[PDB]
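Visitor: Need a 3D model of the following:
(9 chains, ligands or ions: 20)
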Amino acid sequence: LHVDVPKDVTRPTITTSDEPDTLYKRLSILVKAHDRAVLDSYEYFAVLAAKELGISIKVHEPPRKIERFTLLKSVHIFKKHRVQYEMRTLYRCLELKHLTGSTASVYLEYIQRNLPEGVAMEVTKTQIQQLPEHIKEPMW
Amino acid sequence: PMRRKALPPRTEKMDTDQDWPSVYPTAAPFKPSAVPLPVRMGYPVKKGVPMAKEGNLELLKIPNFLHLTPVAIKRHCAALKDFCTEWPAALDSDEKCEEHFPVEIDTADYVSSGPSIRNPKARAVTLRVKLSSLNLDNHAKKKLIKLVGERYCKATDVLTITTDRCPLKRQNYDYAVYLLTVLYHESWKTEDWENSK
Amino acid sequence: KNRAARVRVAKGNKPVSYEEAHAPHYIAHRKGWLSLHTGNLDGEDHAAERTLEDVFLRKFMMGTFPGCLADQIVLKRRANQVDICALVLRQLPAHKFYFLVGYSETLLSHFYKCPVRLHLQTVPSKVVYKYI
Amino acid sequence: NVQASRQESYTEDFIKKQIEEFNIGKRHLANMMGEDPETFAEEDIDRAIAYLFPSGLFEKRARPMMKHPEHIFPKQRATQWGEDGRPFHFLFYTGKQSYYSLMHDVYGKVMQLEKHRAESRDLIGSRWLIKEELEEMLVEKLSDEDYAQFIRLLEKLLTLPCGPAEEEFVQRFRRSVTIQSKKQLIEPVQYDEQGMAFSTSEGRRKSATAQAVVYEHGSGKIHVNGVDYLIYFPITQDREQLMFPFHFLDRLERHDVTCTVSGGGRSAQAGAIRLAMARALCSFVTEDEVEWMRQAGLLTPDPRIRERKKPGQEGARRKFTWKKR
Amino acid sequence: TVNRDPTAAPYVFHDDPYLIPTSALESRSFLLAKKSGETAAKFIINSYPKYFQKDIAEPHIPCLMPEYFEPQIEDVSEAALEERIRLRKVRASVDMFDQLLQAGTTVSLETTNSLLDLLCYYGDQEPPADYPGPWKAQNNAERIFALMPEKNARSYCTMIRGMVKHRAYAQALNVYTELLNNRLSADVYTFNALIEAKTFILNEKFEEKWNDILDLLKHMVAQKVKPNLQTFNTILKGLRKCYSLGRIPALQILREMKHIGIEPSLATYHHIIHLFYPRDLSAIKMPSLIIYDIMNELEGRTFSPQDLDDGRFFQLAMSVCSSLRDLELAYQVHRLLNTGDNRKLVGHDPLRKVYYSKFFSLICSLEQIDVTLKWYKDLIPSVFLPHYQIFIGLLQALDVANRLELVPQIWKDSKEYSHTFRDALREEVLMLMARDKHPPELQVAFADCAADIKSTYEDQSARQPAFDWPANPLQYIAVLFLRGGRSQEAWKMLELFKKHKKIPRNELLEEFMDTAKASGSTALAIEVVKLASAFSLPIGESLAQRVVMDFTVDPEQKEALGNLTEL
Amino acid sequence: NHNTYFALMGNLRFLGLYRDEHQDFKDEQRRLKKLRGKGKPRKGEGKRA
Amino acid sequence: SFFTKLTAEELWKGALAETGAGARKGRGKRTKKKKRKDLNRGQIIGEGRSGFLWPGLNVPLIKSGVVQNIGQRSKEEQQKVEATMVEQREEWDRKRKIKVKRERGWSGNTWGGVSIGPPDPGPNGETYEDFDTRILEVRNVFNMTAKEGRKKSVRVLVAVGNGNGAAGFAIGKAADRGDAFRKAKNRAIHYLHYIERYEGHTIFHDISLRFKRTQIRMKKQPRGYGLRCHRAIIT
Amino acid sequence: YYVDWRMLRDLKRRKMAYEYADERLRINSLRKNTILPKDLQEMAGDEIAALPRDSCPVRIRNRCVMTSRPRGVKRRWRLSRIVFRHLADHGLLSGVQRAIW
RNA sequence: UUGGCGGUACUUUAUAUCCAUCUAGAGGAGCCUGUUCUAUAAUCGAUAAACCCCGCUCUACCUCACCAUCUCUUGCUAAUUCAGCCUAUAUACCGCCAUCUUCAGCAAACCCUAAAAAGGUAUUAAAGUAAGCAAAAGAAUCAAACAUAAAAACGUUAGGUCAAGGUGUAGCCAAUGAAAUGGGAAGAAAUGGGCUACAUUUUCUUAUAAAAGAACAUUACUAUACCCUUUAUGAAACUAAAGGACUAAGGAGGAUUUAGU
Ligand SMILES: [K+]
Ligand SMILES: [K+]
Ligand SMILES: [Mg+2]
Ligand SMILES: [Mg+2]
Ligand SMILES: [Mg+2]
Ligand SMILES: [Mg+2]
Ligand SMILES: [Mg+2]
Ligand SMILES: [Mg+2]
Ligand SMILES: [Mg+2]
Ligand SMILES: [Mg+2]
Ligand SMILES: [Mg+2]
Ligand SMILES: [Mg+2]
Ligand SMILES: [Mg+2]
Ligand SMILES: [Mg+2]
Ligand SMILES: [Mg+2]
Ligand SMILES: [Mg+2]
Ligand SMILES: [Mg+2]
Ligand SMILES: [Mg+2]
Ligand SMILES: [Mg+2]
Ligand SMILES: [Mg+2]
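Guide: Numbering: from 1, shown residues only, chains lettered A, B, ... in the order given. Ligands and ions are numbered 1, 2, ... in the order given. Sure, structure below:
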């Protein structure tokens, strides 16, 4: 828009509660896809998004898995003649560190809502909390 | 009854200094009439060039990132900063975290495509605590290590409690915390039969 | 001789699209997949239900747009959203397409209990990759 | 009466429009990616297209492309005659006006040199351009006999006395030959906390992988996976394989090796260590010796690996019994 | 973060060149066809529910399940009547209520009130629906009200509201009198309906009528009932009848609204504007200034739906700006529309196109051409597809700014919006282009535009059996061809004056002659004489003599020219 | 649910919102076969009494 | 089941048995052969046996300024629309059998003497509408091949002329008869003799000749004598 | 309509095994142990036998959902080898390709 | 004249292949399994090369399509004088394949011939030419190469498959359709493939394939048979596994033949 621009855009209401926040020591995001190029583009979007919000991120590529199975090519007899099929799974692991519970929800929503078709995520949150108050003091 | 005629593509009216994020606000399929790029895709025929964007099923088959561009992502995260909260500065190291927060609770989420959001693996929870963090007498630590069996790792001195028996994650989480309390309190208790070791 | 999904040679007068020209061994090499979901990835469930839904969704669109489909449809699943991307010939009047889009979306959203959207790109005529 | 799509020959106005659309495309692609249009380059274009249109097709000719029209559109021979219909070139009716125009020039040069009347190896390590390269220069298609005749005529030119004009001419049809360097790449020499020198190298035999850490000074103490080599390798043939690198260079009892081999069987693990030690031992030997090792098989990775089984037959090559008739 | 895409149609419309609405009629037709397809699917889903019953969605989605609207409770009990009332069936509920009375089974007063609510609100008529109303003295609602053994305040109140909704003002007032005699107390909603009744009724004396409505307000304080926003909005909407005498009363209400603590909404200002700025206002000499104060009051505020006339405000505010010819005020009104999410209260289809049409027309008239083109690209087509008169205003603005080089471009845009065959627009484009002389490059560009507008006339002629080429377009298209290196085409167009029997103008005839002199073609010069003879124009003879002196005529030409001179 | 698919699509074909090329093919083969006199006999009136 | 239903293209391909082996080797005395039909020819989108009326699909979306709603035709009205469609369906079928007569040649079952039209336009739009083509012989010769055994080609002899002195002949061979007609017709236009006619109706003098073992004895005749010659010579 | 009468019988077998799953579990639990008197186990051995034969879950056969083929089916997609190859060879299965290696 | 043939010559030749060369096998013994035959009240199809652990990555009921007995007649669907049919024809077909084959050709548009049934090359060139499919290239086995896979046109064998599904023609419709219960046997006879053993480069035990201690011909080597127990799955053991005994035959297999670079 050249001349016609919003004046005071409405922004969502964020209210700070009195409950303490979760503390995630680690947060591993394992994305899976049949296509390597899609993971490269998603890895760029996720690393850029993390860096813009202040999150610390690292990336590595777990070894790919190829599952192969054999089928019978003909409809009837001709046993020795087969057709083989495979499904390839490729992985990109985004290991985040030192996240509060509010930072991990907004980030995961933003990147989960933009998860391309054919891509599956496996978030593995690792929370750190104090000891139970009963355990803190031995009681007989 | 004259046939309807298609308008010229709107890319023709697009300036080179436009606000592209506005053109592709959200994930959409590739629209050759809205993408102002002479992109070509397709294995070319001999003495031929790759196919053009209009009527290109291959470009439609791609999960494009037009909505997610470096300009959009930076403008998006600028809005999303208000949501984030600051990590406590004091916990600048992993060792510092173990001192004040010795208990590590592992929970897993799964995101897939389908009508149902249910995955059986989301109920499982895993608690990890180091016995050094627990206040254990020489008697207690030996009793704690014998009861837990293979859950304790001598090399790392970490006790691992994995709870998936309960249906929900809030139940499995509360159960592992319960298992720790009983094991700790039981370890301190001394039974008469223990003197016969 | 192999017959699967192979449009055979005649006398150089048979138009074939890019999708039809390429035999099965070019899948993942020269041409991609028409459906993209997460159900065939490793350690994923509900492959059978995604595959059955696709078979129906393709027969539904063929009958609902009889003679108006220039090429096979592309199905894209994100979260619980379904997206159908079809190349459609410009045969029908414009207002008729608006009727069939509203109808096909509402009907398939109340049948599979997911949000279904239809994306139509109109071509002047079928695009010919090569004459074989 | 054949009805197939004709060649869509590209006129100059067509390609000119394809270059204006590309020039407007770059300004849009630059605006999308937030880069400066003036400096945006072909390399940046390919990177931007790969992000915005991720494709995982194995063949890269089938992937999305936004290239300058010159790269994609095949450059075609233009019209060979004017509006009046008179061909532009006097050799038009031969059908190979460019091949025969070149054979006309070289035959006229040969005649002047022969009429008018030193070492001919002005250029060394060069080859004659291949037929595919010549065809591109002439912008037309040649036969094998057409290529062979062109070379025989060019060879005759070199035989004769050649002024600097001839040498420059034949040069245009000579392509520089690059002789691949089949020589070993020496490893670095790191230093330990104690200060001893040592080099490291990896080795792979079958499915086994090894990481040796040869030390410059030692008494011949080889430890595999924190164990001695007599204990780890109870078979003589495996120990002999570890002896080959040092024995060959008469360096037995002069180095201390620490190995870490994981994967494979007993023989594949000894072979993997042998290569890893030979590559690490390169840093402590003269270049003449490194070539001596290469010519003895010590530095070449063995490519022989287990072959896959094929459906319809007993083994990788073993076929099911042909049933009696 | 994202803003409106200026080069795209509204998101509702399908993003394909074949499927983009060219005209405003197609915009409504395309959406109505979409709504029709949605209703065709909902009909099938609600008529064959057994095929739409398997639920595979976790979490469960209630809004994607088949609906059931017919009562499934067969037994005749107070509970069964309550179900029908919940489903809002009017006739079935009356039958089961009467059957319950026939048996004599007890019915709760609250349940009997739920029946009256349904009957009173729908006025005894089944709810309107699509598938393959004054108050009636003898009706179920009034009958059931009498049969009621025990009455409560709500029962009377429901009758008063339903009567007023269905234009039973006189009866509703009588029912209220009964409520007072029973010593019951009404609610705010009932007081609002009663005020709506006194206003709609025509009272001979306004002073009496106004004092009556105030009496209803005074009884709202006696009964400890506090007014709401709708109460004041209802009073102001009634006052719009008496523009002259409602000004002082109307302002007093708004001051009382703030003191009470009720916040004026967009609807409340919509009514004050109507009352102070009449559309049929003869006294335009000295208009009121209240509109300026209102916009200052609402500057930067965000508004939400709180009344049924909130949408009307913006369309009315822009209209008042156009009447006053104040473009500064128009920016304030549009600026308010952009704050927050005020855009949602612009109006519906009838009022959305009036606001922007009024807005853009004011911009073109009173704004610099440079800015006028910025607004043009933003609003069109993204916001609204304009009618042809909008383009005539834009072309006139270009003429006033001495920037006619853009007139060809405006034509190309007009063709997308279904103005290709508009006679009024085509006559304006050619007129401005050919009104005065121009440099050679500009004339060549105008000639190409003139050629395109000629094809529209040509194609229309071929398709239609009976076609008339209007005289003025013929002159403009011919002049432009001569001036822009298309003289050969202009000579062919000279014959079209005779084919359609249009009288060539004196200016055009002499222009053709001037070009002929430069060309030096006597033959072409005589061609002009031929057409002049056809229409018996007096100047034709003078033109023939002019040719005699301009060019050397061959003896054959002398005989041919002499014949035409005689003719 | 093979009954839901077959019944639902059949109802849509009768409402004019779906076109079954397979059914239209079979419907015309029955029409031609009946004209040839090879149509389905009525129940209880078969060749065998 | 709804999932065992195939498309029309696949149904007709199988039922017609065109690609089947038997047809390729010509092992049937073709008769009563199935004829392909398009079933979507007269079907309008939005029209069903139940007769429902769908605004925006099969009926006007707005009528006389009123936004239409869903409706259904009465049993009588639907029986009329159904009847009208049957009439159109039958009308097309009768037209399929209707044909336009073409003059026979020397005999009813022979190609000799049959006009096949003018030759095709030339390289630079050189039309030959003034030329007529006639067939003089159609032969089914055979070449024995290892792959195909007896293989058959169509050898056609044609003559062309403009009726004004210019005429020519050529032979065209192909595997398909239609192709042999095109090859011979366009080849003969490249071999146009010009024949001298006395006064435009006869030869200048008697002509006796032997070509190989064929003898021809032509005689010049007066006007009104007509052509009294071999049928090929008359053509 | 299901593909054939064999698929119809299987569907009923699958719907009657679901109804009798809890019952056949509770009764069969009394038999799969050594802690209860053998008289009770012999009586539970007959209560399970008396249940209808179609409740028995070993009488279910996995058939191609589209062609009702009893053998050749792939359990992950519930399709026969012939039907699977038609969808895979046309690019209609998401991520399935031919195996070249 | 073309093709096919020749106990007609003269040259190339095959690359785990025609001969020679090399290694381990089949052919003999015992078992497992297919087929044929016999045979049963009791499926079907494949059945030289290109069937014979083949459709089955699989039959106790189910599966099942077979036999016997009993039963149902608008009998899965929204509607239908309709539903349904594993009924006949793969010699009506689609679909999906085998085979020559990793063979080098196929088809189409032109052009030429003292006529052409056909044929159309010479490179120091003499009538052939310009494009498609196959091959090639490319991609896959996640550096590189090689290799392996994949790929392989048009035709040949009316090759295989109406029983994957669909479908043309003909046939059944109180039955050739639907459902229930119980059965679907048997060889030991020929033959195909496989497994195991016949041992000393072996047998058992601990380790780990290093080394050591025993065993080593009458029962030593040596049964995945029969039989006898226990366990697993199941409602059902008729199935599988693990032990126990019990032993038989087997002493490196005629003609001939399979595979491997
Ligand atoms: K076949
Ligand atoms: K046997
Ligand atoms: Mg082997
Ligand atoms: Mg006859
Ligand atoms: Mg059937
Ligand atoms: Mg089973
Ligand atoms: Mg051999
Ligand atoms: Mg044997
Ligand atoms: Mg057979
Ligand atoms: Mg059975
Ligand atoms: Mg049975
Ligand atoms: Mg039967
Ligand atoms: Mg056959
Ligand atoms: Mg290849
Ligand atoms: Mg046969
Ligand atoms: Mg059948
Ligand atoms: Mg059969
Ligand atoms: Mg040993
Ligand atoms: Mg023994
Ligand atoms: Mg048991």
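
Visitor: For burial, what's the neighbour tally of residue 92?
Guide: Just going to use chain A. A count of nearby residues for residue A:92, using other CB atoms under 10 Å in any protein chain shown, gives 21. In short, each C-beta sits where N, CA and C put it, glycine included.

Visitor: The intended chain is chain G.
Guide: There are 12 residues near residue G:92, going by other CB under 10 Å.

Visitor: Dihedrals phi and psi, the residue nearest to residue G:122 when sequence neighbours are not counted?
Guide: Closest residue in space to residue G:122, ignoring its immediate chain neighbours: residue G:128 at 7.5 Å, by CB to CB, 6 or more residues apart in numbering or on different chains. Dihedral angles of residue G:128 (phi, psi; degrees, to the nearest 10) stand at phi -130, psi 40.

Visitor: The closest residue to chain H within chain F: what's it in contact with?
Guide: Proximity of chain F to chain H (CB to the nearest CB) peaks at residue F:2, 4.3 Å away. Contact partners of residue F:2, counting by CB atoms under 8 Å, 6 or more residues apart in numbering or on different chains, are G:1-3, H:1-3, H:7.

Visitor: What residue in the stretch 101-250 of chain D comes nearest to chain E?
Guide: For the stretch 101-250 of chain D, CB to the nearest CB, closest residue to chain E: residue D:139, 38.4 Å.

Visitor: how much space between that residue and residue D:102?
Guide: Distance of residue D:139 to residue D:102, given as CB to CB, to the nearest Å: 11 Å.

Visitor: higher neighbour count, those two?
Guide: Shown here are residue D:139 and residue D:102; by other CB under 10 Å, residue D:102 has more neighbours (18 against 11).

Visitor: of all the contacts of residue F:2, which two lie farthest apart?
Guide: G:2 and H:7 (13.5 Å; CB to CB).

Visitor: All the strands of the stretch 51-200 of chain D, in order from the start?
Guide: D:126-128, D:174-176, D:190-191, D:197-205 (DSSP state E, counting those that start in this stretch).

Visitor: mind putting these in a markdown table, distance to residue D:240 and mean neighbour count included?
Guide: A markdown table is the format used below for the strands of the stretch 51-200 of chain D (distance: least, CB to CB, whole Å; neighbours: other CB atoms under 10 Å in any protein chain shown):
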| stretch | distance to residue D:240 | mean neighbour count |
| --- | --- | --- |
| strand D:126-128 | 45 | 13 |
| strand D:174-176 | 46 | 11 |
| strand D:190-191 | 29 | 11 |
| strand D:197-205 | 15 | 20 |
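
Visitor: Mind putting those strands into TSV with distance to residue H:76?
Guide: TSV is the format used below for those (distance: least, CB to CB, whole Å):
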stretch	distance to residue H:76
strand D:126-128	56
strand D:174-176	55
strand D:190-191	51
strand D:197-205	35
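
Visitor: who wins for proximity to chain B among these?
Guide: strand D:174-176 (25.4 Å).

Visitor: residue nearest the centroid of chain A?
Guide: The centroid of chain A falls nearest to residue A:29 when counting by CA atoms, centre = their mean (3.6 Å).

Visitor: residues from chain C in reach of chain F?
Guide: C:56, C:60, C:63-64, C:66, C:103, C:111 (CB under 8 Å from any CB of the partner chain).

Visitor: Pull up the distance across stretch E:302-313, start to finish.
Guide: 14 Å (CA to CA, to the nearest Å).

Visitor: For it, buried residues please.
Guide: E:303, E:306-307, E:309-313 (16 or more other CB atoms under 10 Å in any protein chain shown).

Visitor: And for stretch B:40-51?
Guide: B:40-44, B:48-51.

Visitor: Check which helix or strand the residue minimising distance to the centre of chain E maps to.
Guide: Central residue of chain E (CA atoms, centre = their mean): residue E:350, 2.8 Å from the mean position. Element membership for residue E:350, per DSSP states H and E: helix E:349-366.

Visitor: and what of residue E:512?
Guide: helix E:506-519.

Visitor: Check which element follows that helix along the chain.
Guide: helix E:522-534.

Visitor: Surely residue G:168 forms part of a strand?
Guide: Yes. Secondary structure of residue G:168 (DSSP: H, G, I helix; E, B strand; the rest coil): part of a strand.

Visitor: gap between it and residue G:160?
Guide: For residue G:168, the distance to residue G:160 - CB to CB - is 5 Å.

Visitor: The closest residue to residue G:233 other than its chain neighbours: how many residues sit nearby?
Guide: Excluding its sequence neighbours, the residue lying closest to residue G:233 (CB to CB, 6+ apart) is residue G:227, at 7.4 Å. Counted by other CB under 10 Å, the residues lying close to residue G:227 total 10.

Visitor: closest point of chain A to chain F, which residue?
Guide: Counting by CB to the nearest CB, chain A gets nearest chain F through residue A:75, at 21.0 Å.

Visitor: was I right about that residue contacting residue H:80?
Guide: No. Checked against CB atoms under 8 Å, the pair residue A:75 and residue H:80 is beyond contact range at 9.7 Å.

Visitor: between these two, what contacts are shared?
Guide: With CB under 8 Å, 6+ apart, residue A:75 and residue H:80 have no common neighbours.

Visitor: the more surrounded of the two?
Guide: residue H:80 (23 against 11).

Visitor: List the backbone torsions phi and psi for the more buried one.
Guide: According to degrees, to the nearest 10, residue H:80 has phi -70, psi 170.

Visitor: rewinding a little: could you check how many residues crowd around the residue lying closest to the residue of the stretch 101-250 of chain D closest to chain E once chain neighbours are set aside?
Guide: Nearest in space to residue D:139, with sequence neighbours left out and distances taken as CB to CB, 6+ apart, is residue D:77 at 5.5 Å. Neighbourhood size, residue D:77 [other CB under 10 Å]: 11.

Visitor: Would you indicate which residues of stretch A:133-140 are buried?
Guide: For stretch A:133-140, by 16+ other CB under 10 Å, it's A:135, A:138.

Visitor: Could you verify my assumption that the residue nearest to residue G:122 touches residue G:189?
Guide: Yes. With contacts counted by CB under 8 Å, residue G:128 reaches residue G:189, the gap being 6.3 Å.

Visitor: who touches both of the two?
Guide: residue G:119.

Visitor: and the residue of chain H at minimum distance from chain F, what is it in contact with?
Guide: In chain H, the residue found nearest to chain F is residue H:2; the distance is 4.3 Å by CB to the nearest CB. Contacts for residue H:2 (CB under 8 Å, 6+ apart) come out as F:2-3, G:1, H:8, H:11, H:68.

Visitor: likewise residue A:6?
Guide: Contacts of residue A:6 (CB under 8 Å, 6+ apart): E:3, E:338-339.

Visitor: That one belongs to a helix?
Guide: No. Counting by three-state DSSP, residue A:6 falls outside a helix, being coil.
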